[PDB]
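Reading through the structure tokens given below for one structure.
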Amino acid sequence: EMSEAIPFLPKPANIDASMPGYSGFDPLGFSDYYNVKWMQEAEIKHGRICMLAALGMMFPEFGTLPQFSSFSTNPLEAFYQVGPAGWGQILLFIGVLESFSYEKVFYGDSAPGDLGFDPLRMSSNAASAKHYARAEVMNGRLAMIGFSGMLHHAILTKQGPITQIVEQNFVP
Amino acid sequence: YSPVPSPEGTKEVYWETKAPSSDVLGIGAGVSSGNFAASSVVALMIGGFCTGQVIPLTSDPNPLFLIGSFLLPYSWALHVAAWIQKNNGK
Amino acid sequence: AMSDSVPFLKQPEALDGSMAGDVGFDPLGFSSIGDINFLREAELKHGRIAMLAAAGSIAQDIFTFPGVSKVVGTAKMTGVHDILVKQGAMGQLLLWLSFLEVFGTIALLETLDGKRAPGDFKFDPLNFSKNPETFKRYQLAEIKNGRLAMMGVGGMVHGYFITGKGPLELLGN
Amino acid sequence: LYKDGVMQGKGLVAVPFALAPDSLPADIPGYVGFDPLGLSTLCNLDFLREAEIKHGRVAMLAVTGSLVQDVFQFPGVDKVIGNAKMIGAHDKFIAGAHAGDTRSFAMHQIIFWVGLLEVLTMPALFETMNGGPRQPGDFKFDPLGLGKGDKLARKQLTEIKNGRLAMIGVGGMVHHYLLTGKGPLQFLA
Ligand code: CLA
Ligand code: CLA
Ligand code: CLA
Ligand code: CLA
Ligand SMILES: CC1=C(C#C\C(C)=C/C=C/C(C)=C/C=C/C=C(C)/C=C/C=C(\C)C#CC2=C(C)C[C@@H](O)CC2(C)C)C(C)(C)C[C@H](O)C1
Ligand SMILES: CC1=C(C#C/C(C)=C/C=C/C(C)=C/C=C/C=C(C)/C=C/C=C(C)/C=C/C2=C(C)CCCC2(C)C)C(C)(C)C[C@H](O)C1
Ligand SMILES: CCCCCCCCCCCCO[C@H]1O[C@H](CO)[C@@H](O[C@H]2O[C@H](CO)[C@@H](O)[C@H](O)[C@H]2O)[C@H](O)[C@H]1O
């Protein structure tokens with residue numbers, strides 16, 4: 001049995017197709033050493049944070065909140081222009097969100113990523129649940145790559161992604 | 001060697017479960033987890049408010065806000081006790 | 001079992017009803033933290049000091065001792081306190097009450113061992129507790145008047161703070 | 001329940017394409033079927049019910065108050081408040097409390113006493129969220145003894161419904177002010 005992402009390598013032993021974002025991709029063998037369910041939970045959280053971040057690196061260029069209308073459209077400047085009080089409130093809200101994740105991860109045996117946030121019940125249909133389960137991990141990985149790109153491009157150009165594109169400032 | 005003395009009423013509080021027993025809270029062993037959490041939130045608000053009044057410190061600070069600023073470190077122990085009582089069935 | 005004062009709340013575990021004025025009123029759960037005998041000593045001491053303070057405020061509105069009116073002028077209620085730190089009344093009273101409260105500290109140390117009833121200094125020179133029902137009636141009346149005197153002293157002093165008149169000067173107009 | 005299975009409870013579906021969560025039971029006063037966004041899964045049900053009841057009761061006291069405040073004023077309020085009303089008054093009360101005027105301290109008195117009451121009845125919420133014998137909204141407050149039997153049931157339904165209605169009313173009575181000023185009957189007429 002061979003890996004389907006890398007067809008000349010053997011299939012990794014500790015990842016199976018039941019995991020939603022499976023593609024048989026583990027050339028460095030991370031799943032052979034570390035706890036696979038932990039690595040799934042961590043991948044899901046990194047991807048979700050990058051989904052929110054990839055939307056939020058782009059969205060203030062379309063429009064800003066009226067109280068933050070004077071804030072820069074460069075994300076790396078608007079990070080600093082927010083005062084310590086607003087970032088402290090954001091950190092407190094993130095901590096409220098992470099209390100459930102702490103309880104679930106260190107004291108529970110739920111599925112990876114399951115914090116019990118399904119108000120619309122969009123996973124009730126089985127095929128729909130499978131498609132959303134795979135698609136969350138796919139768009140999460142895509143947003144990880146995209147947010148990495150946007151952050152280092154914003155380091156180089158000191159402007160947002162849309163702004164950097166339309167001025168065509170592509171060379172450092 | 002010789003018997004090591006302790007004050008009267010010292011019990012064994014060594015724990016390997018999810019949470020310690022309520023005896024580690026001493027006199028607060030009978031306070032419910034909801035009361036601890038509410039007192040932690042209230043202490044956090046009062047301590048932060050009083051501290052924010054006394055960050056521009058003068059040579060005549062208000063004594064009441066000085067006392068109330070000590071509720072800011074108190075809320076940490078309060079939410080730890082809230083977690084302890086919540087996982088103790090209280 | 002629900003509390004009698006607060007019917008939508010559970011009865012406190014450390015309140016049995018054996019004490020005078022126990023109707024089960026403890027929503028914040030203070031009796032779970034402190035010893036109930038220590039708390040009853042605190043309540044009785046606060047109430048007795050407040051009874052004496054209320055009676056003193058009423059009497060010092062009613063009349064003054066000979067010579068006090070030159071020392072204090074027209075600065076009745078708490079305004080005399082500072083003035084009498086400049087004189088020697090407050091220090092003398094603090095010393096003698098500190099003596100009495102050292103002996104009260106010994107009495108509290110005996111209360112905490114289960115060998116003394118709460119608030120019991122056995123001070124009955126004029127015998128009134130001649131019957132065990134009159135004793136319970138006087139205990140209930142003492143604790144109720146102590147709580148009433150706590151809030152009455154609060155009202156008199158804070159109204160004096162607002163107006164500068166006094167408890168009975170206010171009712172004159 | 002009052003008219004269980006007809007007015008509330010089992011079987012009734014409010015949004016046919018967005019079914020309410022199955023965790024949402026059918027023996028809570030006011031269940032018609034209306035939870036299209038599934039928001040009952042994101043919080044404790046006791047907290048949600050008691051929060052709805054408290055929001056509703058505050059809105060009921062506000063709507064009744066709004067109408068009367070726009071109609072009948074206590075003697076001597078004209079010397080402090082004057083021709084102002086509603087959302088301004090609160091603010092300028094604080095301004096009066098900021099100015100130094102020792103007789104405009106009404107809103108501080110009410111915040112003191114309502115906060116004291118909320119602090120003292122907070123443990124009722126705390127045993128309520130542990131499945132205790134107290135139901136959300138039950139403070140056992142019936143001085144006149146009118147709901148002492150089955151008559152309670154009907155009242156419960158009607159109360160929670162009026163609460164929701166009151167929740168709408170204040171918003172109009174506030175937001176219609178924030179564009180124009182005036183008051184409920186000054187904006188009606
Ligand atoms: C990783 C996430 C992340 C982080 C750290 C930030 C950080 C920041 N944002 Mg930003 N933002 C994000 C995501 C993020 N954003 C997303 C996803 C959007 C699109 C909605 C925006 C839209 C946005 C605007 C329009 C503005 C900011 C601004 C800011 C800055 C000030 C803080 C603030 O008000 O935040 C605001 C952040 C939000 C409103 C995002 C909240 C998203 C929540 C958490 C997700 C909700 C999930 C779900 C839909 C809830 C409903 C459930 C229900 C259906 C059942 C700060 C640098 C302001 C600024 O300084 O501009 C220069 C500003 O004006 N953000
Ligand atoms: C709303 C529910 C409710 C009800 C029905 C009661 C009922 C009662 N309380 Mg009570 N109480 C309540 C809430 C309530 N409480 C709350 C939220 C607190 C603050 C934590 C208290 C604090 C409290 C204290 C400190 C005391 C009582 C006492 C009493 C009893 C004397 C009745 C009296 O004088 O009425 C008049 C009561 C008031 C004006 C205050 C309560 C205001 C509520 C909203 C009105 C309820 C009045 C009630 C229907 C009258 C009962 C009818 C009849 C039995 C007389 C009575 C059994 C006394 C007692 O004997 O217990 C030791 C007492 O000393 N209560
Ligand atoms: C509301 C008043 C009141 C009542 C009913 C009681 C009741 C009681 N006390 Mg008590 N006490 C009080 C106030 C009161 N106390 C105050 C203010 C103090 C501080 C000085 C004390 C200090 C005290 C001690 C140290 C002890 C008691 C004890 C007792 C118990 C024994 C029976 C007894 O003597 O009661 C009978 C009480 C009365 C008949 C009340 C007397 C009311 C007087 C006559 C009125 C005085 C008028 C006033 C001075 C003038 C006002 C002037 C105006 C201008 C305002 C009993 C439960 C003893 C105990 O628990 O163990 C057995 C004990 O050891 N008490
Ligand atoms: C949500 C409550 C609410 C709020 C925040 C306000 C806000 C205000 N009112 Mg108004 N008012 C209300 C309801 C409210 N109103 C109701 C329900 C009435 C009776 C119809 C009134 C009648 C009223 C008059 C006549 C006046 C005010 C005035 C005022 C202003 C000064 C504050 C003051 O003195 O209040 C006073 C408020 C009251 C006297 C209402 C108390 C009625 C309570 C809520 C009944 C509760 C009974 C119930 C058994 C308690 C249960 C306790 C527990 C079990 C929950 C301020 C803008 C004054 C003003 O500036 O006018 C221009 C003024 O003159 N109020
Ligand atoms: C939970 C769920 C729901 C939810 C909903 C919530 C809101 C979920 C939202 C999920 C959202 C956040 C998905 C966002 C994905 C964006 C990713 C894929 C992209 C990055 C773009 C990359 C490719 C790039 C870029 C590139 C950069 C690097 C450089 C540039 O030169 C070029 C370019 C621009 C191309 C709700 C709440 C309704 C409840 C329901 O019961 C369940
Ligand atoms: C000597 C001196 C001074 C002094 C001083 C003095 C003498 C100060 C004395 C202060 C006192 C005695 C304050 C009392 C406050 C009572 C309160 C808050 C009651 C609350 C009741 C509550 C919360 C609820 C009650 C209730 C209600 C209605 C509803 C719920 C149930 C219930 C519990 C029954 C200085 C330092 C100022 C300076 C001066 O130069 C010298
Ligand atoms: C979800 C992600 C959460 C993580 C972020 C939460 C922590 C917040 C970090 C600090 C945020 C703002 O803090 C910040 O304050 C000042 C402005 O307000 C900054 O001050 C300066 O910062 C930069 C210097 O490197 C400059 O480009 C800024 O123009 C300048 O304001 C401080 O250098 C910084 O500490």
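To be explicit about the labels: the chains of the structure tokens are called A, B, and onward in the order shown, and within each one the residues are counted from 1, while ligands get numbers from 1 in the order they are shown.
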
Show me, as a ChimeraX atom specification, the residues that have an atom within 8 Å of region 24-33 of chain C when counting only C-alpha atoms, minus same-chain residues fewer than 5 positions from it.
/B:27-31,35 /C:3-6,9,11-17,39 /D:120-121,123

Keeping only N, CA, C and O atoms, write those residues as a CSV table (one decimal), in the first residue's frame.
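Contents of the output file result_24.csv:
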```
chain,number,residue,atom,x,y,z
B,27,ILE,N,-10.8,27.5,54.6
B,27,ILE,CA,-12.1,28.0,55.0
B,27,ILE,C,-13.1,28.2,53.9
B,27,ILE,O,-14.3,28.4,54.2
B,28,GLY,N,-12.6,28.2,52.6
B,28,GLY,CA,-13.5,28.3,51.5
B,28,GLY,C,-13.9,27.0,50.9
B,28,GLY,O,-14.3,26.9,49.7
B,29,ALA,N,-13.8,25.9,51.7
B,29,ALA,CA,-14.1,24.6,51.2
B,29,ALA,C,-15.6,24.4,50.9
B,29,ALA,O,-15.9,23.5,50.2
B,30,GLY,N,-16.5,25.2,51.5
B,30,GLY,CA,-17.9,25.0,51.4
B,30,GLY,C,-18.5,26.0,50.4
B,30,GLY,O,-19.8,26.1,50.4
B,31,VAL,N,-17.7,26.8,49.7
B,31,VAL,CA,-18.3,27.8,48.8
B,31,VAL,C,-18.4,27.2,47.4
B,31,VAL,O,-17.5,26.5,47.0
B,35,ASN,N,-20.4,30.9,43.1
B,35,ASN,CA,-20.0,32.0,43.9
B,35,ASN,C,-18.6,32.4,43.7
B,35,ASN,O,-18.2,33.6,43.7
C,3,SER,N,-34.9,28.5,52.1
C,3,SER,CA,-34.7,29.6,53.1
C,3,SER,C,-36.1,30.3,53.3
C,3,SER,O,-36.8,30.5,52.4
C,4,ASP,N,-36.3,30.7,54.6
C,4,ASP,CA,-37.6,31.3,54.9
C,4,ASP,C,-37.6,32.8,54.4
C,4,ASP,O,-38.7,33.2,53.9
C,5,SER,N,-36.5,33.5,54.6
C,5,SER,CA,-36.5,34.9,54.2
C,5,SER,C,-36.5,35.0,52.6
C,5,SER,O,-37.2,35.8,52.1
C,6,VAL,N,-35.7,34.2,52.0
C,6,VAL,CA,-35.6,34.1,50.5
C,6,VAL,C,-36.1,32.8,50.0
C,6,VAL,O,-35.4,31.8,50.1
C,9,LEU,N,-34.4,30.6,47.2
C,9,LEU,CA,-33.1,30.2,47.5
C,9,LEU,C,-33.0,29.0,48.5
C,9,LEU,O,-33.9,28.9,49.3
C,11,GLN,N,-31.9,26.8,51.6
C,11,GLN,CA,-31.5,27.1,52.9
C,11,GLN,C,-30.0,26.9,53.2
C,11,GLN,O,-29.4,25.9,52.7
C,12,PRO,N,-29.4,27.8,53.8
C,12,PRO,CA,-27.9,27.7,54.1
C,12,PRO,C,-27.7,26.5,55.1
C,12,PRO,O,-28.5,26.2,55.9
C,13,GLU,N,-26.5,25.8,54.8
C,13,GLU,CA,-26.2,24.6,55.5
C,13,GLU,C,-25.8,24.8,57.0
C,13,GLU,O,-26.1,24.0,57.8
C,14,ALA,N,-25.1,26.0,57.2
C,14,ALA,CA,-24.6,26.3,58.5
C,14,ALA,C,-25.6,27.0,59.4
C,14,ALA,O,-25.2,27.4,60.5
C,15,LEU,N,-26.8,27.3,58.9
C,15,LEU,CA,-27.8,28.0,59.7
C,15,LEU,C,-28.9,26.9,60.1
C,15,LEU,O,-29.6,26.4,59.3
C,16,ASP,N,-28.9,26.7,61.4
C,16,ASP,CA,-29.8,25.6,62.0
C,16,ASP,C,-31.2,26.2,62.4
C,16,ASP,O,-32.2,25.5,62.5
C,17,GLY,N,-31.2,27.5,62.8
C,17,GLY,CA,-32.4,28.0,63.4
C,17,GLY,C,-32.3,28.1,64.9
C,17,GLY,O,-33.2,28.6,65.6
C,39,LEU,N,-18.9,34.5,63.8
C,39,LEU,CA,-19.8,35.5,63.1
C,39,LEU,C,-20.8,36.0,64.0
C,39,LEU,O,-21.2,37.2,63.9
D,120,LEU,N,-27.6,39.8,45.0
D,120,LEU,CA,-28.2,38.9,46.0
D,120,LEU,C,-29.1,37.8,45.4
D,120,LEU,O,-29.2,36.7,46.0
D,121,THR,N,-29.6,38.0,44.2
D,121,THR,CA,-30.3,36.9,43.5
D,121,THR,C,-29.5,36.1,42.5
D,121,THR,O,-30.0,35.2,41.8
D,123,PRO,N,-27.1,33.9,43.2
D,123,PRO,CA,-27.1,32.5,43.5
D,123,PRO,C,-28.3,31.7,43.1
D,123,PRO,O,-28.2,30.5,43.0
```

Which residues sit within 10 Å of ligand 5, counting only C-alpha atoms and all ligand atoms, listed as a tab-separated table (two decimals) with N, CA, C and O atoms, in the first residue's frame?
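Result written to out25.tsv:
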```
chain	number	residue	atom	x	y	z
A	47	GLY	N	-5.48	26.18	10.98
A	47	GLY	CA	-6.21	26.50	9.76
A	47	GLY	C	-7.39	27.43	9.97
A	47	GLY	O	-7.65	28.30	9.14
A	48	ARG	N	-8.13	27.26	11.08
A	48	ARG	CA	-9.26	28.14	11.37
A	48	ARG	C	-8.80	29.56	11.66
A	48	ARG	O	-9.40	30.54	11.18
A	49	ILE	N	-7.74	29.69	12.47
A	49	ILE	CA	-7.16	30.99	12.77
A	49	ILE	C	-6.66	31.65	11.49
A	49	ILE	O	-6.85	32.85	11.27
A	50	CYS	N	-6.05	30.86	10.59
A	50	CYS	CA	-5.61	31.43	9.32
A	50	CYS	C	-6.77	31.75	8.38
A	50	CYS	O	-6.62	32.62	7.53
A	51	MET	N	-7.90	31.05	8.48
A	51	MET	CA	-9.07	31.44	7.69
A	51	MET	C	-9.58	32.81	8.11
A	51	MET	O	-9.80	33.70	7.27
A	52	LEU	N	-9.75	33.01	9.42
A	52	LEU	CA	-10.13	34.32	9.94
A	52	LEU	C	-9.09	35.38	9.60
A	52	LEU	O	-9.44	36.51	9.22
A	53	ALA	N	-7.81	35.03	9.68
A	53	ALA	CA	-6.75	35.98	9.40
A	53	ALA	C	-6.67	36.33	7.92
A	53	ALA	O	-6.42	37.48	7.57
A	54	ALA	N	-6.85	35.34	7.04
A	54	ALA	CA	-6.81	35.61	5.61
A	54	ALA	C	-8.00	36.44	5.16
A	54	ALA	O	-7.87	37.24	4.22
A	55	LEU	N	-9.17	36.26	5.79
A	55	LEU	CA	-10.27	37.17	5.50
A	55	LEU	C	-9.99	38.57	6.05
A	55	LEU	O	-10.29	39.58	5.39
A	56	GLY	N	-9.39	38.66	7.25
A	56	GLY	CA	-9.16	39.94	7.89
A	56	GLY	C	-7.95	40.73	7.43
A	56	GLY	O	-7.83	41.90	7.79
A	57	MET	N	-7.03	40.11	6.69
A	57	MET	CA	-5.97	40.89	6.06
A	57	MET	C	-6.47	41.65	4.84
A	57	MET	O	-5.89	42.68	4.48
A	58	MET	N	-7.54	41.16	4.22
A	58	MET	CA	-8.13	41.72	3.01
A	58	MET	C	-9.32	42.63	3.28
A	58	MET	O	-9.49	43.64	2.59
A	116	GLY	N	-18.25	21.67	19.65
A	116	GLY	CA	-19.69	21.73	19.82
A	116	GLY	C	-20.35	22.94	19.20
A	116	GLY	O	-21.45	23.31	19.62
A	117	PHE	N	-19.71	23.57	18.22
A	117	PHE	CA	-20.27	24.73	17.54
A	117	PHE	C	-20.86	24.29	16.20
A	117	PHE	O	-20.22	24.36	15.15
A	118	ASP	N	-22.10	23.81	16.25
A	118	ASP	CA	-22.87	23.50	15.04
A	118	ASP	C	-24.31	23.96	15.23
A	118	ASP	O	-25.22	23.14	15.39
A	119	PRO	N	-24.55	25.28	15.23
A	119	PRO	CA	-25.93	25.75	15.43
A	119	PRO	C	-26.86	25.46	14.26
A	119	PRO	O	-28.03	25.12	14.48
A	120	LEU	N	-26.37	25.56	13.02
A	120	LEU	CA	-27.24	25.36	11.86
A	120	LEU	C	-27.45	23.89	11.50
A	120	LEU	O	-28.28	23.61	10.63
A	121	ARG	N	-26.73	22.97	12.16
A	121	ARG	CA	-26.78	21.52	11.89
A	121	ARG	C	-26.47	21.21	10.43
A	121	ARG	O	-27.15	20.40	9.79
A	122	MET	N	-25.43	21.84	9.89
A	122	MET	CA	-25.11	21.61	8.49
A	122	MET	C	-24.40	20.28	8.25
A	122	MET	O	-24.21	19.91	7.09
A	123	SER	N	-24.03	19.57	9.31
A	123	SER	CA	-23.46	18.23	9.20
A	123	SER	C	-24.49	17.13	9.42
A	123	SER	O	-24.11	15.98	9.66
A	132	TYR	N	-18.16	18.89	4.00
A	132	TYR	CA	-17.75	20.00	4.86
A	132	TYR	C	-16.54	19.64	5.71
A	132	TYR	O	-15.67	20.48	5.94
A	135	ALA	N	-13.65	19.87	3.42
A	135	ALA	CA	-13.49	21.21	2.86
A	135	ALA	C	-12.96	22.20	3.89
A	135	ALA	O	-12.26	23.15	3.53
A	136	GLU	N	-13.30	21.99	5.17
A	136	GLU	CA	-12.75	22.82	6.23
A	136	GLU	C	-11.24	22.70	6.29
A	136	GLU	O	-10.53	23.71	6.35
A	137	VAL	N	-10.73	21.47	6.25
A	137	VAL	CA	-9.28	21.26	6.30
A	137	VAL	C	-8.60	21.79	5.04
A	137	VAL	O	-7.52	22.38	5.11
A	138	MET	N	-9.24	21.61	3.87
A	138	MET	CA	-8.66	22.14	2.62
A	138	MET	C	-8.57	23.67	2.63
A	138	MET	O	-7.50	24.23	2.35
A	139	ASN	N	-9.67	24.35	2.95
A	139	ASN	CA	-9.64	25.81	2.98
A	139	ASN	C	-8.79	26.33	4.13
A	139	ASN	O	-8.22	27.42	4.03
A	140	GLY	N	-8.66	25.55	5.21
A	140	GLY	CA	-7.76	25.93	6.28
A	140	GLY	C	-6.30	25.89	5.87
A	140	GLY	O	-5.54	26.82	6.16
A	141	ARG	N	-5.88	24.83	5.16
A	141	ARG	CA	-4.51	24.75	4.66
A	141	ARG	C	-4.25	25.84	3.62
A	141	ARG	O	-3.16	26.45	3.61
A	142	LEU	N	-5.23	26.09	2.75
A	142	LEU	CA	-5.11	27.16	1.76
A	142	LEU	C	-4.97	28.52	2.43
A	142	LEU	O	-4.18	29.35	2.00
A	143	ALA	N	-5.73	28.75	3.51
A	143	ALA	CA	-5.62	30.01	4.22
A	143	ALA	C	-4.32	30.12	5.01
A	143	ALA	O	-3.83	31.23	5.20
A	144	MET	N	-3.77	29.00	5.48
A	144	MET	CA	-2.44	29.03	6.09
A	144	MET	C	-1.38	29.49	5.10
A	144	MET	O	-0.60	30.41	5.40
A	145	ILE	N	-1.38	28.89	3.91
A	145	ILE	CA	-0.44	29.30	2.86
A	145	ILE	C	-0.67	30.76	2.46
A	145	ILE	O	0.29	31.55	2.35
A	146	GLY	N	-1.93	31.14	2.28
A	146	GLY	CA	-2.25	32.49	1.86
A	146	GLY	C	-1.91	33.55	2.89
A	146	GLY	O	-1.44	34.63	2.55
A	147	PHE	N	-2.19	33.27	4.17
A	147	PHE	CA	-1.86	34.23	5.22
A	147	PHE	C	-0.35	34.35	5.41
A	147	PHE	O	0.14	35.46	5.69
A	148	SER	N	0.39	33.24	5.30
A	148	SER	CA	1.85	33.31	5.30
A	148	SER	C	2.35	34.22	4.19
A	148	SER	O	3.20	35.10	4.41
A	149	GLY	N	1.81	34.02	2.98
A	149	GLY	CA	2.15	34.87	1.86
A	149	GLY	C	1.83	36.33	2.10
A	149	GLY	O	2.68	37.20	1.91
A	150	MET	N	0.60	36.62	2.56
A	150	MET	CA	0.17	38.00	2.76
A	150	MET	C	1.00	38.69	3.83
A	150	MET	O	1.33	39.87	3.69
A	151	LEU	N	1.37	37.97	4.89
A	151	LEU	CA	2.16	38.56	5.95
A	151	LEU	C	3.58	38.90	5.48
A	151	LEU	O	4.07	40.00	5.75
A	152	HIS	N	4.25	37.98	4.78
A	152	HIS	CA	5.61	38.32	4.35
A	152	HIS	C	5.60	39.34	3.21
A	152	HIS	O	6.51	40.19	3.13
A	153	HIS	N	4.58	39.34	2.35
A	153	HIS	CA	4.44	40.40	1.34
A	153	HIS	C	4.16	41.75	1.99
A	153	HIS	O	4.62	42.78	1.50
A	154	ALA	N	3.38	41.77	3.07
A	154	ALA	CA	3.12	43.02	3.79
A	154	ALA	C	4.36	43.49	4.53
A	154	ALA	O	4.52	44.70	4.75
A	160	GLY	N	-1.48	46.45	2.06
A	160	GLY	CA	-2.32	45.28	2.04
A	160	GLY	C	-2.23	44.55	0.71
A	160	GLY	O	-1.64	45.04	-0.25
A	161	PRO	N	-2.83	43.34	0.65
A	161	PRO	CA	-2.69	42.50	-0.56
A	161	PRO	C	-3.33	43.09	-1.81
A	161	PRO	O	-2.71	43.10	-2.88
A	162	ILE	N	-4.57	43.58	-1.68
A	162	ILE	CA	-5.26	44.21	-2.81
A	162	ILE	C	-4.52	45.47	-3.25
A	162	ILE	O	-4.34	45.71	-4.45
A	163	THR	N	-4.07	46.28	-2.29
A	163	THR	CA	-3.32	47.50	-2.59
A	163	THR	C	-2.01	47.18	-3.29
A	163	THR	O	-1.64	47.85	-4.27
A	164	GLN	N	-1.29	46.16	-2.82
A	164	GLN	CA	-0.04	45.74	-3.44
A	164	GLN	C	-0.28	45.22	-4.85
A	164	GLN	O	0.53	45.45	-5.76
A	165	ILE	N	-1.40	44.52	-5.06
A	165	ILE	CA	-1.74	44.00	-6.39
A	165	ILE	C	-2.03	45.14	-7.36
A	165	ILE	O	-1.51	45.17	-8.48
A	166	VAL	N	-2.88	46.10	-6.95
A	166	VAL	CA	-3.34	47.10	-7.92
A	166	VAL	C	-2.26	48.13	-8.26
A	166	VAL	O	-2.24	48.67	-9.37
A	168	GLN	N	0.73	47.01	-8.42
A	168	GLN	CA	1.66	46.06	-9.05
A	168	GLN	C	3.07	46.17	-8.47
A	168	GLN	O	4.06	46.03	-9.19
A	169	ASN	N	3.16	46.40	-7.16
A	169	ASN	CA	4.44	46.45	-6.47
A	169	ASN	C	4.84	45.01	-6.15
A	169	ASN	O	4.63	44.49	-5.05
A	170	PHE	N	5.45	44.36	-7.15
A	170	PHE	CA	5.79	42.95	-7.07
A	170	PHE	C	7.27	42.70	-6.84
A	170	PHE	O	7.65	41.55	-6.61
D	37	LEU	N	-31.82	29.69	13.82
D	37	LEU	CA	-30.37	29.79	13.82
D	37	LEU	C	-29.70	28.82	14.77
D	37	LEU	O	-28.46	28.79	14.83
D	38	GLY	N	-30.46	28.02	15.51
D	38	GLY	CA	-29.90	27.03	16.42
D	38	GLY	C	-29.08	27.61	17.56
D	38	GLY	O	-28.09	26.99	17.98
D	39	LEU	N	-29.48	28.77	18.07
D	39	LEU	CA	-28.70	29.47	19.09
D	39	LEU	C	-28.85	28.86	20.48
D	39	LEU	O	-28.12	29.27	21.39
```

What does the list of residues within 8 Å of ligand 7 look like if you count only C-alpha atoms and all ligand atoms, written as a PyMOL selection string?
chain A and resi 76-77+79-84+87-88+90-91+94

Tell me as a VMD selection string which residues belonging to chain D come within 12 Å of chain B, counting only C-alpha atoms.
chain D and resid 115 118 to 130

Which chains and residue numbers are within 9 Å of ligand 4, counting only C-alpha atoms and all ligand atoms, if I want them as a ChimeraX atom specification?
/D:57-78,80-90,93,104-107,109-110,114,117,139,141

Looking only at helix (DSSP H, G or I) from DSSP on the backbone, list the matching residues of region 65-147 of chain A as a PyMOL selection string.
chain A and resi 66-68+75-81+84-107+126-147

Please find the residues contacting ligand 3 at a distance of at most 6 Å between atoms, with only C-alpha atoms and all ligand atoms counted, and report them as a list in words.
residues 48, 51, 52, 55, 58, 59, 119, 120, 121, 122, 123, 124, 128, 129, 135, 138, 139, 141, 142 and 145 of chain C

Within 6 Å of ligand 6, counting only C-alpha atoms and all ligand atoms, which protein or nucleic acid residues do you find, written as a PDB file with N, CA, C and O atoms, in the first residue's frame?
```pdb
ATOM      1  N   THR C  78     -19.859  63.273  64.696  1.00  0.00           N
ATOM      2  CA  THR C  78     -18.489  62.829  64.417  1.00  0.00           C
ATOM      3  C   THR C  78     -17.472  63.967  64.375  1.00  0.00           C
ATOM      4  O   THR C  78     -16.273  63.714  64.547  1.00  0.00           O
ATOM      5  N   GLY C  79     -17.934  65.205  64.164  1.00  0.00           N
ATOM      6  CA  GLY C  79     -17.059  66.364  64.211  1.00  0.00           C
ATOM      7  C   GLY C  79     -16.343  66.543  65.536  1.00  0.00           C
ATOM      8  O   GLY C  79     -15.267  67.144  65.583  1.00  0.00           O
ATOM      9  N   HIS C  81     -15.117  64.053  67.237  1.00  0.00           N
ATOM     10  CA  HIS C  81     -14.147  62.957  67.345  1.00  0.00           C
ATOM     11  C   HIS C  81     -12.718  63.461  67.169  1.00  0.00           C
ATOM     12  O   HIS C  81     -11.902  63.369  68.095  1.00  0.00           O
ATOM     13  N   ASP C  82     -12.455  64.104  66.021  1.00  0.00           N
ATOM     14  CA  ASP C  82     -11.183  64.774  65.740  1.00  0.00           C
ATOM     15  C   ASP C  82     -10.811  65.757  66.843  1.00  0.00           C
ATOM     16  O   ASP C  82      -9.673  65.759  67.332  1.00  0.00           O
ATOM     17  N   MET C 150     -27.529  49.018  63.879  1.00  0.00           N
ATOM     18  CA  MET C 150     -26.501  49.136  62.845  1.00  0.00           C
ATOM     19  C   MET C 150     -26.983  50.035  61.715  1.00  0.00           C
ATOM     20  O   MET C 150     -26.317  51.017  61.343  1.00  0.00           O
ATOM     21  N   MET C 151     -28.181  49.745  61.200  1.00  0.00           N
ATOM     22  CA  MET C 151     -28.680  50.557  60.093  1.00  0.00           C
ATOM     23  C   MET C 151     -29.107  51.947  60.554  1.00  0.00           C
ATOM     24  O   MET C 151     -28.996  52.914  59.788  1.00  0.00           O
ATOM     25  N   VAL C 153     -27.560  53.740  62.961  1.00  0.00           N
ATOM     26  CA  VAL C 153     -26.318  54.503  63.055  1.00  0.00           C
ATOM     27  C   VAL C 153     -25.821  54.886  61.669  1.00  0.00           C
ATOM     28  O   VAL C 153     -25.363  56.017  61.458  1.00  0.00           O
ATOM     29  N   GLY C 154     -25.920  53.962  60.704  1.00  0.00           N
ATOM     30  CA  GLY C 154     -25.586  54.311  59.327  1.00  0.00           C
ATOM     31  C   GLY C 154     -26.398  55.480  58.800  1.00  0.00           C
ATOM     32  O   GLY C 154     -25.846  56.431  58.233  1.00  0.00           O
ATOM     33  N   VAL C 157     -25.385  58.892  60.838  1.00  0.00           N
ATOM     34  CA  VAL C 157     -24.078  59.455  60.505  1.00  0.00           C
ATOM     35  C   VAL C 157     -24.019  59.910  59.047  1.00  0.00           C
ATOM     36  O   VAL C 157     -23.451  60.966  58.747  1.00  0.00           O
TER      37      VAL C 157
END
```
